[PDB]
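Residue numbers (the deposited numbering), protein chains in the order written: chain WA, 2 to 99; chain OB, 2 to 51; chain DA, 2 to 252. Positions of the beta carbon are idealized from the N, C-alpha and C atoms, including for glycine.
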Amino acid sequence: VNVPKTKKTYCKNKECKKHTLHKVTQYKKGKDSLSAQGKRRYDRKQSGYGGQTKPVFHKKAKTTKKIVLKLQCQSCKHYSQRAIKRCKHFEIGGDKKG
Amino acid sequence: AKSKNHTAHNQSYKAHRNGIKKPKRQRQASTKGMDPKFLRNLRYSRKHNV
Amino acid sequence: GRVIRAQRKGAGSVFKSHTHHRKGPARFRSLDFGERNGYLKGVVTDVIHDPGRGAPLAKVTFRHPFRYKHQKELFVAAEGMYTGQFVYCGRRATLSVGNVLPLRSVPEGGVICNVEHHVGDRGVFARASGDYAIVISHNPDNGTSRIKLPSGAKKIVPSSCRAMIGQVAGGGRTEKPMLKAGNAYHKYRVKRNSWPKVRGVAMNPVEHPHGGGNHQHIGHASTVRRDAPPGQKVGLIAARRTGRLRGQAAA
RNA sequence: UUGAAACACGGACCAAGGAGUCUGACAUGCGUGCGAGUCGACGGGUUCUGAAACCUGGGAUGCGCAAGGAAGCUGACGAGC
RNA sequence: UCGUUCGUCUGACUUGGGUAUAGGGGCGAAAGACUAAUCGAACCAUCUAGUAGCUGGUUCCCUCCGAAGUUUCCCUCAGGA
RNA sequence: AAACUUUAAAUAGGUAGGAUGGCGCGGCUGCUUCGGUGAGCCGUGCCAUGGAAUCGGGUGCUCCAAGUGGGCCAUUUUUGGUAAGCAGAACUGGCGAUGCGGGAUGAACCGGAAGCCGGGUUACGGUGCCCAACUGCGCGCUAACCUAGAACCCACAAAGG
RNA sequence: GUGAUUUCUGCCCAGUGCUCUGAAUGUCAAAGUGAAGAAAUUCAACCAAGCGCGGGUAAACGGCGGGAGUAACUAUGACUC
RNA sequence: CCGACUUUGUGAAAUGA
RNA sequence: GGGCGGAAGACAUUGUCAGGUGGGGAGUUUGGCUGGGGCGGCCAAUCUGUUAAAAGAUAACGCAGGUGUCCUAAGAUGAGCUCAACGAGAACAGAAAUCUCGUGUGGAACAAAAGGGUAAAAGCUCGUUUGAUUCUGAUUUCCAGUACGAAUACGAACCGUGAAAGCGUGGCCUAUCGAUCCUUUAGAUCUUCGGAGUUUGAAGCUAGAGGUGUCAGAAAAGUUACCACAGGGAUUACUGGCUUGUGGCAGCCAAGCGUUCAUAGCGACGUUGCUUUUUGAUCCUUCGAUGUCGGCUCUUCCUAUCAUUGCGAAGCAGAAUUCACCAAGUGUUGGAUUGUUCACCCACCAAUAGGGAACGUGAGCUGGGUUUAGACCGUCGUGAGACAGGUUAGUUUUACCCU
RNA sequence: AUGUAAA
RNA sequence: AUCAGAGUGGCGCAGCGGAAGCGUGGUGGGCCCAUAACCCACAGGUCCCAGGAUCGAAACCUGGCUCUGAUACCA
Ligand SMILES: C[C@@H]1C[C@@H]([C@H](O)CC2CC(=O)NC(=O)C2)C(=O)[C@@H](C)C1
Ligand SMILES: [Mg+2]
Ligand SMILES: [Mg+2]
Ligand SMILES: [Mg+2]
Ligand SMILES: [Mg+2]
Ligand SMILES: [Mg+2]
Ligand SMILES: [Mg+2]
Ligand SMILES: [Mg+2]
Ligand SMILES: [Mg+2]
Ligand SMILES: [Mg+2]
Ligand SMILES: [Mg+2]
Ligand SMILES: [Mg+2]
Ligand SMILES: [Mg+2]
Ligand SMILES: [Mg+2]
Ligand SMILES: [Mg+2]
Ligand SMILES: [Mg+2]
Ligand SMILES: [Mg+2]
Ligand SMILES: [Mg+2]
Ligand SMILES: [Mg+2]
Ligand SMILES: [Mg+2]
Ligand SMILES: [Mg+2]
Ligand SMILES: [Mg+2]
Ligand SMILES: [Mg+2]
Ligand SMILES: [Mg+2]
Ligand SMILES: [Mg+2]
Ligand SMILES: [Mg+2]
Ligand SMILES: [Mg+2]
Ligand SMILES: [Mg+2]
Ligand SMILES: [Mg+2]
Ligand SMILES: [Mg+2]
Ligand SMILES: [Mg+2]
Ligand SMILES: [Mg+2]
Ligand SMILES: [Mg+2]
Ligand SMILES: [Mg+2]
Ligand SMILES: [Mg+2]
Ligand SMILES: [Mg+2]
Ligand SMILES: [Mg+2]
Ligand SMILES: [Mg+2]
Ligand SMILES: [Mg+2]
Ligand SMILES: [Mg+2]
Ligand SMILES: [Mg+2]
Ligand SMILES: [Mg+2]
Ligand SMILES: [Mg+2]
Ligand SMILES: [Mg+2]
Ligand SMILES: [Mg+2]
Ligand SMILES: [Mg+2]
Ligand SMILES: [Mg+2]
Ligand SMILES: [Mg+2]
Ligand SMILES: [Mg+2]
Ligand SMILES: [Mg+2]
Ligand SMILES: [Mg+2]
Ligand SMILES: [Mg+2]
Ligand SMILES: [Mg+2]
Ligand SMILES: [Mg+2]
Ligand SMILES: [Mg+2]
Ligand SMILES: [Mg+2]
Ligand SMILES: [Mg+2]
Ligand SMILES: [Mg+2]
Ligand SMILES: [Mg+2]
Ligand SMILES: [Mg+2]
Ligand SMILES: [Mg+2]
Ligand SMILES: [Mg+2]
Ligand SMILES: [Mg+2]
Ligand SMILES: [Mg+2]
Ligand SMILES: [Mg+2]
Ligand SMILES: [Mg+2]
Ligand SMILES: [Zn+2]
């Protein structure tokens with residue numbers, strides 16, 4: 002699945018409010034912070050004896066991930082994100098169909 | 002022993018013993034969901050009666 | 002599972018040494034002025050059989066160096082001692098069989114027995130029936146010496162350590178087949194309750210790692226790690242190899 | 001139990017004991033008192049058979065009379081067919 | 001347990017008293033055997049009226065009304081919403 | 001020709017058969033139109049013999065809640081199976097929860113549903129005895145030297161002579 | 001572990017396990033060090049055993065193949081691929 | 001099993017700073 | 001000489017953290033459906049056609065199949081053209097390369113399964129594009145009329161295309177996907193950190209993703225023949241019941257065999273039945289126990305007759321043998337081997353027929369087999385262990401009640 | 001690697 | 001009875017749609033007196049049978065055939 006490097010789409014930022022010109026990136030999860038409440042709770046709960054307290058997931062069954070496109074328009078430099086359907090082979094601005 | 006059972010037996014008998022309840026016909030049938038372009042105008046028109 | 006036969010031995014309940022008719026410890030004399038700077042004459046009175054041990058034991062009657070009484074010491078018999086023999090104990094005692102000398106007085110190649118390890122620990126090496134240690138070399142800049150032990154292991158020992166000249170008597174005792182459960186039983190009665198021994202493969206899993214199964218077989222590698230927890234360190238502990246030894250493997 | 005007189009299970013007979021109770025919260029329904037109030041329930045004073053009864057506080061204790069928001073906050077300008 | 005018939009009987013022999021090892025422990029010439037008629041985890045008391053979607057029982061009369069084994073979801077199919 | 005169809009039943013299915021209708025008049029619209037042009041509403045005034053048949057008070061509105069959530073039999077349609085007192089479905093009724101009269105006996109087949117009594121008449125089923133009712137009045141068929149034959153389900157018999 | 005005696009114990013270290021060796025420039029914690037920051041903190045380098053990589057071990061656990069054609073009667077197949 | 005801190009003090013050299 | 005004598009020596013070691021190993025040990029799990037369970041499979045999410053009985057709904061481990069994707073175009077729009085195939089034709093050129101004309105209701109194509117639908121299009125080519133966008137509601141489908149997914153119709157924006165009407169909120173429609181908590185991102189120059197501020201961090205609100213396929217979403221391997229408790233005849237194996245595929249039996253027609261001759265005796269292709277000793281199917285009674293194979297003993301009954309009495313027929317000369325009839329009164333044996341029923345031999349015999357009686361018969365026996373616990377071999381499993389594989393040892397209780 | 005039985 | 005696996009040169013076998021090979025075997029020369037052996041050349045196949053999709057098949061899916069390997073247990 003191919004996505005153009007740049008797409009004309011709506012921008013809800015109060016100062017665009019119109020179809021402007023958006024760059025395309027691909028969403029990658031930011032690395033997990035160690036100061037989140039869920040982590041200073043999971044660490045505390047996990048300390049001491051008792052072993053594993055929160056369940057750990059094993060039965061992975063999917064084989065695709067819903068790609069998220071972080072479209073940045075260059076009229077206010079504000080991102081907005083849109084999810085595309087589940088896909089395996091994904092590429093932004095790939096060589097077009099001949 | 003076959004855990005799966007499914008019948009329509011007796012179902013009409015249970016249905017018809019408290020009747021097939023028709024909801025009451027109402028004067029001023031409800032306008033919920035009608036075309037809001039029409040409903041805005043109707044509300045304004047009722048607003049400006051004499 | 003339950004505690005294994007090999008773990009059960011650490012309590013002593015039925016596994017302590019049968020030590021009722023033993024004749025006391027077999028060891029040298031207390032190291033002192035006379036035995037350090039000269040020689041002491043002891044007369045061997047009788048060579049007794051010590052129950053539970055393969056070697057004869059020679060009772061030796063010294064005269065106490067500084068107070069008026071005898072001293073019945075009890076040595077491990079070196080092959081050759083007979084009642085009435087004078088055994089000499091000290092540094093400047095001549096080198097003859099039965100005498101006890103420091104290793105500073107024993108030339109290279111000498112065959113000795115009942116060796117000390119820390120000077121004065123009263124003799125610990127080469128005591129079993131028919132075992133000796135060969136004194137290999139002397140370093141006089143350290144005051145130390147080297148010896149070849151019965152195991153073939155080669156050890157550095159302090160040079161002021163005593164050692165009985167000769168080899169332990171009763172040699173070749175283990176050369177005779179016992180031919181009988183009887184002889185085995187009477188051997189181990191006066192040593193300790195470690196006989197008969199039941200093959201773990203003929204046990205149930207609850208008491209031995211090898212047990213169980215419709216057939217009699219170990220089931221997994223019979224060699225266990227050095228660090229295996231007790232009750233699992235059973236079999237061939239930390240084996241470096243297995244199989245019948247051939248060639249240099251038996252050197 | 002779809003199906004018991006069943007070759008389904010319990011019961012030889014008699015007598016006595018024997019199994020939806022108590023407590024907390026909530027809710028509907030009903031009765032009583034008061035009714036934008038209502039509760040005196042923890043205390044206090046009394047109390048001549050009394051662990052009762054009667055009095056007392058409350059000007060804000062509980063609930064109710066205001067709600068929407070996560071929160072900062074804001075908080076019903078008066079109904080016609 | 002009894003009867004007859006059997007095995008061994010100088011030996012790894014038969015046995016009394018004293019004594020040691022106590023419960024996930026002991027002891028086992030290994031049968032999961034024995035550990036006080038109890039052992040693939042003794043016995044005694046307590047937590048304890050353990051829990052149970054399962055079996056059994058569930059106490060007076062008359063009058064009146066009076067069904068379901070079907071939908072949906074659930075590690076759900078003997079169950080519950 | 002179930003996974004073919006031009007055509008195309010029966011049975012069943014949906015809607016309508018007025019008083020919650022219609023017309024006239026003058027008012028609003030931020031909708032709608034080239035536009036009083038529509039669409040809708042609002043105030044007011046008029047008309048509307050009840051607008052097929054039959055029957056009848058209603059869940060009409062609400063609350064709280066019990067039990068149930070193992071089903072089975074039958075006629076018809078019907079899937080798998082060789083068939084099944086077999087398994088799974090459709091419409092209906094019965095049994096379960098139900099006595100009562102008949103089918104000799106049977107949970108669901110036939111009649112029929114019930115307070116307790118007297119009187120009469122019946123349904124299904126019968127009238128030789130058991131057993132209340134006729135060896136009733138008629139007409140034929142059958143002769144079984146196989147236990148002739150004799151009740152919807154039903155307790156069976158065939159092909160063939 | 002096997003089980004007197006006699007006779008003999010064949011092949012396989014790929015797999016699992018056991019063990020041995022550590023040049024170091026794989027991975028690899030707490031501590032300890034440096035840098036950024038106003039500080040919490042982050043980032044970096046360094047980083048033990050362990051694992052990895054490399055050898056030994058079968059009287060360690062264990063394992064130990066197929067398909068075709070061929071002899072001058074026929075059959076088989078010494079032999080060959 | 002091994003690593004660090006601790007009991008844990010003294011002075012000496014060689015390589016890094 | 002104020003050192004008891006040596007050894008090692010600030011290393012071992014003690015304590016606290018740190019990482020690895022750790023069935024030696026603890027705790028715990030080891031889904032569901034299911035014509036018993038196990039193995040298999042998915043009929044657990046889900047789509048098309050049929051079953052489905054002409055509205056809707058409608059099941060089975062029913063049937064034929066599909067889905068966990070693919071796509072910046074195979075989405076949106078506009079314009080032009082017509083497709084598969086056939087017919088006649090044109091150097092090399094043939095059955096098939098490229099071109100031209102004629103016919104062409106779709107016999108092509110539309111990403112895929114199957115159904116439906118589409119022809120100046122929903123197909124092919126070309127131009128331009130991103131409506132595959134934003135805000136929250138409403139409805140349909142499943143539905144309890146909850147959610148999710150998907151779809152539909154308006155509204156308020158912003159745009160694409162066309163000249164314009166319009167069309168466009170992804171794929172022509174029907175399937176192609178996801179809760180709470182946690183993490184992470186996007187947004188407001190948003191809200192809080194509760195003594196007041198600057199200031200990192202954190203906590204929020206709205207909208208997405210990280211995924212639960214057991215798909216309304218626990219984090220999870222076996223074995224037990226040493227086993228246990230609750231229960232189940234909702235559910236298996238013995239008997240019984242219905243059924244009779246299958247096992248056994250017997251009719252009808254007559255192509256032929258029977259040296260000639262269909263029917264002495266058979267009777268193929270077909271076809272109709274009977275039986276409940278086999279096996280199968282079911283799961284109706286029985287799991288608060290109906291004592292489970294065989295043999296010994298002993299009794300009774302059936303006929304689908306082996307001999308025995310009487311008969312009829314013959315390819316019946318006699319002898320013997322075959323077919324059938326009335327016929328169940330009488331009889332149907334001793335042994336080798338196997339636990340065996342069954343089998344198969346030796347011999348006698350007139351004959352060595354078949355069967356039923358809760359596969360007659362264990363408070364009648366036996367205990368050989370099978371079917372606990374011991375044990376051995378083999379194959380399997382890493383292991384505990386398994387074997388509808390082989391072998392050995394293995395308690396057989398009660399009557400005095402009623403009949 | 002080897003060499004008619006056909007004298 | 002179900003479930004896998006494999007059907008390719010004469011034999012045993014490699015193969016991932018553009019598409020066929022490996023050893024050996026066979027055919028013709030060469031060396032030798034002659035046969036091997038050795039050197040140099042030559043030709044291969046119904047990619048098990050029958051369909052479909054696919055630019056493009058022997059491979060991809062399916063139906064039919066033949067062999068082999070497993071699982072067929074508690075009673
Ligand atoms: C990896 C993460 C796992 C999972 C989540 O962390 C598990 C949670 C959710 C839940 O059910 N309650 C818990 O405590 C565990 C989740 O949300 C996925 C999207 C992705
Ligand atoms: Mg959060
Ligand atoms: Mg803490
Ligand atoms: Mg910790
Ligand atoms: Mg059910
Ligand atoms: Mg012993
Ligand atoms: Mg031994
Ligand atoms: Mg032994
Ligand atoms: Mg054993
Ligand atoms: Mg163990
Ligand atoms: Mg074992
Ligand atoms: Mg029942
Ligand atoms: Mg009965
Ligand atoms: Mg019971
Ligand atoms: Mg009883
Ligand atoms: Mg108040
Ligand atoms: Mg009113
Ligand atoms: Mg006796
Ligand atoms: Mg004794
Ligand atoms: Mg004793
Ligand atoms: Mg006992
Ligand atoms: Mg109780
Ligand atoms: Mg109790
Ligand atoms: Mg029950
Ligand atoms: Mg309920
Ligand atoms: Mg009609
Ligand atoms: Mg009932
Ligand atoms: Mg009457
Ligand atoms: Mg009468
Ligand atoms: Mg032995
Ligand atoms: Mg190996
Ligand atoms: Mg190895
Ligand atoms: Mg670190
Ligand atoms: Mg390292
Ligand atoms: Mg465990
Ligand atoms: Mg199950
Ligand atoms: Mg099954
Ligand atoms: Mg219909
Ligand atoms: Mg329909
Ligand atoms: Mg067009
Ligand atoms: Mg919805
Ligand atoms: Mg629009
Ligand atoms: Mg399209
Ligand atoms: Mg669409
Ligand atoms: Mg999500
Ligand atoms: Mg504060
Ligand atoms: Mg679910
Ligand atoms: Mg377990
Ligand atoms: Mg055992
Ligand atoms: Mg039959
Ligand atoms: Mg038959
Ligand atoms: Mg049953
Ligand atoms: Mg039973
Ligand atoms: Mg019983
Ligand atoms: Mg009985
Ligand atoms: Mg009984
Ligand atoms: Mg007869
Ligand atoms: Mg009996
Ligand atoms: Mg037996
Ligand atoms: Mg056994
Ligand atoms: Mg094995
Ligand atoms: Mg067996
Ligand atoms: Mg078995
Ligand atoms: Mg030759
Ligand atoms: Mg040639
Ligand atoms: Mg040649
Ligand atoms: Zn913008």
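{"Asked": "For the putative contact between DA/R242 and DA/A250, defined by C-beta atoms under 8 Å, what is the C-beta separation to the nearest angstrom?", "Found": "7 Å"}
{"Asked": "Any heavy atom of ligand 5 closer than 7 Å to the beta-carbon of WA/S36?", "Found": "no"}
{"Asked": "Within the present structure, is the beta-carbon of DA/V235 separated from the nearest heavy atom of ligand 11 by less than 7 Å?", "Found": "no"}
{"Asked": "Could you check the C-alpha separation between WA/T7 and OB/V51 for me, to the nearest Å?", "Found": "57 Å"}
{"Asked": "Quick one: complete alpha helix (DSSP H) runs, 4+ long, within the region 132-206 of chain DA?", "Found": "182-190"}
{"Asked": "Check the C-beta distance from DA/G171 over to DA/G81 and give it rounded, since I have them as a contact under 8 Å.", "Found": "12 Å between Cβ atoms; not a contact."}
{"Asked": "Among the residues of its own chain, which have a CB less than 6 Å from the CB of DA/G35, if the five just before and after it don't count?", "Found": "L41 and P66"}
{"Asked": "Is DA/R226 helix, strand or coil by DSSP?", "Found": "coil"}
{"Asked": "Per DSSP, what are the beta-bridge partners of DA/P57 in this structure?", "Found": "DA/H50"}
{"Asked": "Kindly identify the DSSP beta-bridge partner or partners of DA/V101.", "Found": "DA/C90 and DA/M165"}
{"Asked": "Closer than 8 Å is the cut-off here; do at least three beta carbon pairs connect the region 67-85 of chain WA with the region 16-23 of chain WA?", "Found": "yes"}
{"Asked": "Could you say which of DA/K177, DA/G236, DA/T224 and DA/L32 lies nearest to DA/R200 if we only look at CA atoms?", "Found": "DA/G236"}
{"Asked": "Looking at ligand 1, does it come within less than 7 Å of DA/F16, judged from the CB to the closest heavy atom?", "Found": "no"}
{"Asked": "For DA/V61 and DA/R247, what's the separation of their Cα atoms in angstroms?", "Found": "46 Å"}
{"Asked": "Any idea which residues DSSP pairs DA/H71 with across the strands?", "Found": "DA/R64"}
{"Asked": "How about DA/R92 and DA/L102: are their beta carbons less than 8 Å apart?", "Found": "yes"}
{"Asked": "Shortest alpha-carbon distance to residue 103 of chain WA belongs to which of WA/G95, WA/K40 and WA/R83?", "Found": "Residue 103 of chain WA lies beyond the range of chain WA shown here (2 to 99); nothing can be said about it."}
{"Asked": "Hey, quick one: how far does the beta strand (DSSP E) through residue 164 of chain WA stretch, first residue to last?", "Found": "Outside the shown range of chain WA (2 to 99) lies residue 164 of chain WA, about which nothing can therefore be said."}
{"Asked": "Look at the alpha carbon of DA/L75 and the alpha carbon of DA/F29, and state the distance between them as a whole number of angstroms.", "Found": "7 Å"}
{"Asked": "Going by C-alpha to C-alpha distance, which of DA/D132, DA/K70, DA/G111 and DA/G144 sits closest to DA/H119?", "Found": "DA/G144"}
{"Asked": "Based on DSSP bridge pairs, tell me the residues matched to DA/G43.", "Found": "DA/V88"}
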